[PDB]
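Take a look at the structure set out below.
Worth knowing before you read on, the calculation uses all heavy atoms, side chains too, and leaves out hydrogens, waters and symmetry mates. Chain naming here is simple, since letters A, B, ... match the order of the sequence lines and numbering starts at 1 in each.
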Amino acid sequence: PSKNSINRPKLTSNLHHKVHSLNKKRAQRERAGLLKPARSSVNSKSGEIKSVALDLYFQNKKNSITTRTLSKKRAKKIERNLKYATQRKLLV
Amino acid sequence: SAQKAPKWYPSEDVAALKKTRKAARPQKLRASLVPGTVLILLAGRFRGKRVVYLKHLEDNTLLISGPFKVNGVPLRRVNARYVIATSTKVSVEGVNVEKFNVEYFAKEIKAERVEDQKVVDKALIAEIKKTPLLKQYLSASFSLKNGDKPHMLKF
Amino acid sequence: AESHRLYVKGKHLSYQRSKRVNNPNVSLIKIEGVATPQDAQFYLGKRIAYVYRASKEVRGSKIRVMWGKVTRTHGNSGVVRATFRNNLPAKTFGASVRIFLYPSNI
Amino acid sequence: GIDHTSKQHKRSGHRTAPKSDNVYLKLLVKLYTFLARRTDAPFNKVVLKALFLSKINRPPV
Amino acid sequence: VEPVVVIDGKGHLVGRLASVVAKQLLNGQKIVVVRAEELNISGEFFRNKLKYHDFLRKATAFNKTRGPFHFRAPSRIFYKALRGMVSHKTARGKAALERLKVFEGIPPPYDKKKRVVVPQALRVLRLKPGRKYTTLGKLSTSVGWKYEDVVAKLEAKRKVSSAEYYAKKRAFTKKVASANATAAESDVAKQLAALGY
Amino acid sequence: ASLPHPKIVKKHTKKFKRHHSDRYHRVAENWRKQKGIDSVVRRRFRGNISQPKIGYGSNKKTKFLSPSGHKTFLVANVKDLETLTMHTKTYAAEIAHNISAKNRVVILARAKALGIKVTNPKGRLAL
RNA sequence: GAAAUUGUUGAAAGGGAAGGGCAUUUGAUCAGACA
RNA sequence: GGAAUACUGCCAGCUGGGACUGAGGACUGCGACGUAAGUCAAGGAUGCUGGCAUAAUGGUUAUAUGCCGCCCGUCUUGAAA
RNA sequence: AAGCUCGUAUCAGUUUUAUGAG
RNA sequence: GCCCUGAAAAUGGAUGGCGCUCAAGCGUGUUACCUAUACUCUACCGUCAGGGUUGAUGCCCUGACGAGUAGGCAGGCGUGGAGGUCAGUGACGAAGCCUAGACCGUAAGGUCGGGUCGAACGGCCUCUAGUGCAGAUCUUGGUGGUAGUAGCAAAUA
RNA sequence: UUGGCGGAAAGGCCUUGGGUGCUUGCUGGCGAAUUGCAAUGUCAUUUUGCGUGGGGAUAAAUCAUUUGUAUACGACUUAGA
Ligand SMILES: [Mg+2]
Ligand SMILES: [Mg+2]
Ligand SMILES: [Mg+2]
Ligand SMILES: [Mg+2]
Ligand SMILES: [Mg+2]
Ligand SMILES: [Mg+2]
Ligand SMILES: [Mg+2]
Ligand SMILES: [Mg+2]
Ligand SMILES: [Mg+2]
Ligand SMILES: [Mg+2]
Ligand SMILES: [Mg+2]
Ligand SMILES: [Mg+2]
Ligand SMILES: [Mg+2]
Ligand SMILES: [Mg+2]
Ligand SMILES: [Mg+2]
């Protein structure tokens, strides 16, 4: 506590406020959908390849401010490699 | 080559285990756990309830009954380390519990359970009614009060 | 009735320590109503739970548990030593724990 | 702590092995190792020891 | 065994009371101390006044407002004694100190609450008879505390009200004890006596 | 589907970081022994970092084993893979980092046919 | 197209330094094993 | 006069509660209980049961808490000085 | 660190006995 | 025996702090208790020693040990280039670089995933050296804090 | 709902009357099971959120301009529908 007010709790009140604030912010982020889903969720990528480029390519094929962009060089390479995979799937 | 093949490999034959000198001898229960004793359940769904101990089973579990007419606890298994044995005992010579065992309780309402419950509960009620306040005692639940000391409490 | 408690209240005092190093693997526990080591011998081997709350739900509950057990008495005044599966977080020095009555010898 | 009366981790030595990389010499050393282990004959012990010696210690006869 | 323990500071010795309260706070108990002006320090009044003037000597030379802060009130004297026994620069120590409240007199709501004593800190149980002792209110007044008369008048008013309350409670106690006596001859009372009640 | 083994014990799971690598960017984390005559880390004063030594050596019966119980063998092609045809319970194949996706498909098919576990089967083969 | 150094965004911590060790809570995030 | 008890010691006397550990991996040995076939606590843990089957245990990472930790190198007994 | 030996061999920051000194 | 006096300067400060008076002081006696990298037992690592054994500088059994500067011996990790080999890797992406991801080594280090990128490069047996950096008021280049700061006020406008 | 008292930080203490529930003071009749032998096995006030609504109230401060009782700059102190 403070020397100017010894009967008033200070650190405990600050800690209580901080805990409540962090819990509220975590709930808000979860509701906004910025957290990963459960491991067994259908849209979970656990155990699979994680790629910004492939996510962007498939989102654009499916049809705010972000720093995730996909270059045309990588997009053309993804198109070429997908045609390779499709030819293999047809031949098998 | 990404890696040179090692010269020596471990054998793929699984070894056998050695012969074990650990025989299963029967459990020796606590001296205070006698058939007919009233027990306090310390854990589970029926925690804090007072039941009647009937039989020691082959899986080291105790068969108990409420009886179901008194406090609604059916014929169940409990672990002996999760009950507290009291000083109160009812007469158990009129109860036939030869049918109940591990196979009886295996889960892989049946109404065989219900009829057996009634058959045991009849003789249990007949003996319970002899001691005054015993039915009310079995219907009431156990809990710790303020200042109770389990290391000094007598049961 | 008005009370449903089946445990004894306890306080997490501190870790096992000398004057200038602590051992987080062992907690010191003060059980309510226990004033001598001979009294505390009743509680050796009993299960202990530290029961706490969190905002994020996990498997259908906001209540979380750290489990442990009483191992031996400590000192002359009735304090015991305890070991938990995961060590207690040291923010709980002075927090409450529950000592259950199982496994039972009565 | 222990008050050691002798030196710790001290090698006996006695020239356990030959320093040559000659395959034929290593074969002879293997044969006389078997003989000196399985016969309890002092001759085989002496031959096995003499197979480990250096050139300046193996003068001609 | 209470969520909050109210300790009447009258007749207690400052250091032994501060030791027990510091330990109780660190073990996690909420404590309210009342009547800090009736606390006692062993030793004669001039000795304790000399010690406080030594404390008053201590101050930062280049800036007196940075220095040790000399609080004159009896509750603050006890608080200094207690904070010396708590490791108050750590978060654990601060959290312990925030489980304590210290008051002069008995302000609301504690005046209608139960107040306990600490036998290991009581002067009549600890000091050998004939040894001199000081009282915190007089010490504080001599070193600059200015509210001894206000607290004394408020304490007198509280005592009048509490005395009227105790008179009513005593009359009701007599009635209940009387009516409980006449049921002691029934079979229920005999059975209760056989069981120990 | 590995050979049975004792439960794997690691005496020191933390990385041994070089002293003052947290303090200076020019000092990398790769372990170096302090050679200074007055070094508190060299002299083993209380409260300093732990130094690598042979007492931390792992059990010889669980050494080099993955959590599933296999040893990792690097493979570059099907011929390298087939060296593990009889050591299925003790070795798992890891495809080298510079193998193309087209050859990784062939290696994975051969491994499935032979029953050989592959440590990194998702590499370069996103569907 | 590295590092020092810098901007924006997101997350966090902060009552006269920060950094490090042991241990655990919380939040974020993640692999294996799944007959 | 005749007992008892304390104190100290001994028992290849009996027995209740708690904690940590379970290395080894066909057999081989020394023994014990039995008239015997066999059995055993005798050259290192087995049996029975439940829940979960995934972020649940665990790892990593950002931090919080308790305790510990002075800035390295060089040079001089020695160095925060 | 290397050789030749020996290995009831070589001994010993110790005591004992005998015999000096104090 | 205990107590008081038996001399003291000069910023505010110290039985470590709080404080303590039938002590939490002093002398002594009896027990209980706390905890070191010490002692006992077990596991694991390495070293040494003693044994056994027709991938044998391997395997197995047994016992005991582990401080360390100058210094010594030994086994290993990494780099440029050379001979041999894997009919090795590679435009379905070599090398390099970034990485809240994964694993193996006591460690030197090694390995895998993602992103970026665009043309070469590795494992093993050996050969060879201009072969490993935190320092040298080290060399060359680049960049911070200081800081939107000091200041941009002689010569009349 | 009737009345009284409490200012030390009163925020509480006592009291009138009727209404509406329970009462284990005593005697009865139904129910409980499968959470499977434990797993805190979740139980207590306040709610800057929203939908329903019946009622209540319709401000200032700062910049800019301005004074000099003020002033390095901020700040201060004045004035203006
Ligand atoms: Mg040692
Ligand atoms: Mg460019
Ligand atoms: Mg950078
Ligand atoms: Mg965890
Ligand atoms: Mg320190
Ligand atoms: Mg002391
Ligand atoms: Mg004494
Ligand atoms: Mg590449
Ligand atoms: Mg050079
Ligand atoms: Mg450099
Ligand atoms: Mg250097
Ligand atoms: Mg320089
Ligand atoms: Mg320069
Ligand atoms: Mg300027
Ligand atoms: Mg001019």
Side-chain angles (χ1 to χ4, degrees), chain A residues 26 36 39-40 49-53 65 81 84, chain B residues 1-4 7-8 15-18 20-24 43-45 59 61 68 72 74 77-79 82 107 109 113, chain C residues 15 17-18 20-22 24 41 44-45 49 51 59 61 63 65 71-72 75-76 86-91 93 105, chain D residues 1 8-11 17 30 34 57, chain E residues 15 42-43 57-61 81 84-85 91-92 105 107-109 112 128 131 154, chain F residues 12 16 20 22-27 31 36-37 46-49 52-57 59 64 66-68 72 74 76 94 97-102 119-120 123:
Chain A
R26 198 218 64 87
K36 302 292 177 305
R39 200 186 179 179
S40 53
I49 288 308
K50 303 173 188 65
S51 180
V52 168
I65 287 296
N81 296 341
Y84 291 151
Chain B
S1 182
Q3 190 176 319
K4 191 56 58 203
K7 175 56 183 303
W8 181 77
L17 259 51
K18 283 156 102 82
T20 311
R21 303 179 172 169
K22 294 290 165 54
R45 174 189 202 165
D59 59 350
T61 51
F68 186 82
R77 293 183 287 186
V78 283
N79 192 265
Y82 289 78
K107 66 167 172 180
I109 191 66
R113 311 274 289 255
Chain C
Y15 297 144
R17 57 178 295 168
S18 64
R20 288 194 173 92
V21 58
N22 59 31
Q41 278 279 341
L44 300 197
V51 175
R59 298 209 168 185
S61 201
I63 292 172
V65 181
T71 55
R72 53 178 292 176
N76 284 340
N86 288 8
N87 297 329
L88 293 192
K91 70 190 270 311
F93 292 160
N105 295 115
Chain D
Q8 298 311 113
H9 301 133
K10 180 195 177 185
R11 306 206 173 90
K30 169 163 138 181
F34 179 81
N57 284 278
Chain E
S42 81
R57 281 179 55 84
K58 318 273 177 282
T60 296
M85 298 180 206
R92 167 177 183 250
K112 307 181 189 309
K128 197 184 56 52
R131 298 292 183 193
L154 294 175
Chain F
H12 196 274
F16 285 94
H20 274 347
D22 59 305
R23 193 181 179 92
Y24 296 100
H25 177 93
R26 85 180 91 106
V27 174
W31 172 257
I37 191 75
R46 180 183 67 185
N48 295 100
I49 56 158
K53 32 183 164 183
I54 203 52
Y56 288 113
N59 193 335
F64 302 109
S66 70
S68 71
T72 305
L74 264 192
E94 201 189 35
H97 71 299
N98 50 9
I99 308 306
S100 63
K102 187 175 192 174
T119 304
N120 53 342

Does a distance-only test, which skips hydrogens and angles, find a donor-acceptor pair under 3.5 Å between the side chain of B:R21 and the base of H:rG29?
-> yes
Partner nucleotide, any strand, of J:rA38 [Watson-Crick/G-U, under 3.5 Å] = none
Heavy atoms under 4.0 Å is the rule here; annotate nucleotides 93-112 of chain J 5' to 3' with B where the base is hit, S where only the sugar-phosphate is, and - elsewhere.
-> BSS-------SSBBSSB-SS
At under 4.0 Å, does any side-chain N or O of C:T71 touch on OP1 or OP2 of H:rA19?
-> no
Using only heavy-atom distances, decide whether a donor-acceptor pair under 3.5 angstrom links the side-chain of F:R26 to the base of J:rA134.
-> yes
Spell out yes or no: do the side chain of C:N105 and the base of H:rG17 have one donor N/O and one acceptor N/O closer than 3.5 Å?
-> no
Can you check each nucleotide of nucleotides 71-81 of chain H against protein heavy atoms at under 4.0 Å and return B for base, S for sugar-phosphate only, - for none, in 5' to 3' order?
-> SSSSB---S--
Comparing E:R92 with C:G45, nearest RNA chain H nucleotide closer to 5' gives the residue C:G45
Ignoring hydrogens and angles, answer whether the base of J:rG66 and the side-chain atoms of D:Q8 contain a donor-acceptor pair closer than 3.5 Å.
-> no
Is K:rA32 base-paired to K:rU46, counting Watson-Crick or G-U wobble with both distances below 3.5 Å?
-> no
Geometric class of the F:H20/F:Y24 ring pair [parallel <30°, tilted 30-60°, perpendicular >60°] | perpendicular
Watson-Crick or G-U wobble, both distances under 3.5 Å: is that what K:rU20 and K:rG51 have going on?
-> no
Whichever of E:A91 and C:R72 has the more 5' nearest nucleotide on RNA chain H, that residue is C:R72
Below 4.0 angstrom from OP1 or OP2 of H:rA45, is there any side-chain N or O of B:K22?
-> yes
Where does RNA chain G form stems of at least three consecutive Watson-Crick or G-U wobble pairs, each pair having both distances below 3.5 Å?
-> G:20-24 with H:64-68, G:26-30 with H:58-62
